[PDB]
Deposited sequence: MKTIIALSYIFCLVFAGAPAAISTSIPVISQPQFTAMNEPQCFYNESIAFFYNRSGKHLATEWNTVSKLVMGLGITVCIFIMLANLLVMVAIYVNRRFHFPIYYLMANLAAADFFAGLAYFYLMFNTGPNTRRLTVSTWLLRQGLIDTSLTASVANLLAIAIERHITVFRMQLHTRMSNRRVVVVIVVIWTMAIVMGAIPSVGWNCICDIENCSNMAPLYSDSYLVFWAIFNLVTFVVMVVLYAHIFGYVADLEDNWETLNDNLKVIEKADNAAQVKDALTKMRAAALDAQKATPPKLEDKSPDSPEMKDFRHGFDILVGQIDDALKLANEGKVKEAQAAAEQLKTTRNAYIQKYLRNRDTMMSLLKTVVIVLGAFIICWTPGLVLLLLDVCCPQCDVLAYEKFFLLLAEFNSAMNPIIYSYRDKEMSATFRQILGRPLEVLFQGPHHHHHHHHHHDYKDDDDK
């Protein structure tokens, strides 16, 4: 059993897995659809890679990482192509080395996209707290990041092919993968799922913080209108106190915004002292000066935040579609070794195609969300 010159039939028969010898009706269609999707992945992801390369506006650290994510899908298109060419009766034709090759290329392609989305999540986590994009230094750093993403992918796709397999542990072979160990699949599934959870936390921290600044901005604009209304001294104080409390929370997060909001804190505190003395008319006039202060920075940050949030939402849709299709397949790996006789693993071909379609979903997402990219795709074809 331990690295014997045994065929794939030996491993597949011992575990509760099917092995065909004849050309089945569903095997012809799963191969037929499989290749058709693979050709589309190798064309749609290649089109968006050329689009970022030729267009001047897409020469930024965030868009270079998107091209690498497409390159990972392009590699996946080649990985699933070799898989679909060796499915059904052609599975028997595979040797021990060639089985680990088709399985290895798929494991490499997943962690290539997993580390890419992880790097994009970190990229968006910095740019939101840094307001705008970085300089040329980051573009040189992105090249280094791309190397780290692909190096991690090659290593993660080599770990089961460098000793961690049930070849010399034939009794601890999984029902789904007859050459892969149960201990590896439990580790692999929990590794990719914990990465999905920490990525959700990263965007939840971004959306939560954006919501907190907009809430403080809503409190600042609403209470400003209250002071404008001819009311008593007590009505002016309660509005300014609500503004001072909103400005201190907005402060918690280059030196332009850090020393920008504190100017408003000073102007509100000076307007508050006027109301405490008894000067209601002077307090309303000082609050009118706060309106001209905020109107000077909305032309420097509010116009640029809309383009940032438009790209941020697009990224979450790419990540969202990735979780919804890959999680049932990864949960299936856990139920394969930790749930014996509770449920049959019949839906194995369905979850495979579900994750395969995602490699084609990414250029479709950028086509209807990104305005500049949608016009660039037509320029290449013509």
Wait, which stretches of the deposited chain are just not there in the structure?
1-40, 294-307, 437-464
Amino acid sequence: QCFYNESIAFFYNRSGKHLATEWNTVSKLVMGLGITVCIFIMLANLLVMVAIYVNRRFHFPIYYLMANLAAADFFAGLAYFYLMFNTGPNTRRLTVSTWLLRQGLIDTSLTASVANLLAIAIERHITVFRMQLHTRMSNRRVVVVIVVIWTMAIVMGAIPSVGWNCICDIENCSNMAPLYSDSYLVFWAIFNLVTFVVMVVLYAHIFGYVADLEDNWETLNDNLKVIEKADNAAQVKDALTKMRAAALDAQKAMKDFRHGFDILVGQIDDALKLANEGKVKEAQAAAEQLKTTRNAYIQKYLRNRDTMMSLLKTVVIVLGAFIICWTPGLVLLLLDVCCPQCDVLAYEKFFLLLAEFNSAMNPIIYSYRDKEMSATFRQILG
From here on, numbers count along this sequence of modelled residues.
The stretch carrying the higher mean Cα B factor in the deposited entry, 32-40 or 64-72, is 32-40
Assert higher mean C-alpha B factor (356-364 or 14-22, deposited values) equals 14-22
Checking the entry, which one of 131, 156, 122, 197 has the top C-alpha B factor?
131
Residue of maximum C-alpha B factor among 266, 77, 178, 104, per deposited coordinates
266
Third of chain Cα B-factors occupied by residue 219:
middle
Should residue 165 be placed in the lowest, middle or highest third of its chain by the C-alpha B factor in the entry?
lowest
Looking at the temperature factor on the CA atom of residue 247, which third of the chain's modelled residues does it land in?
middle
Lowest, middle or highest third: where is residue 51 by C-alpha B factor in its chain?
middle
Using only modelled residues of the chain, where does the Cα B factor of residue 327 rank: lowest third, middle third or highest third?
lowest
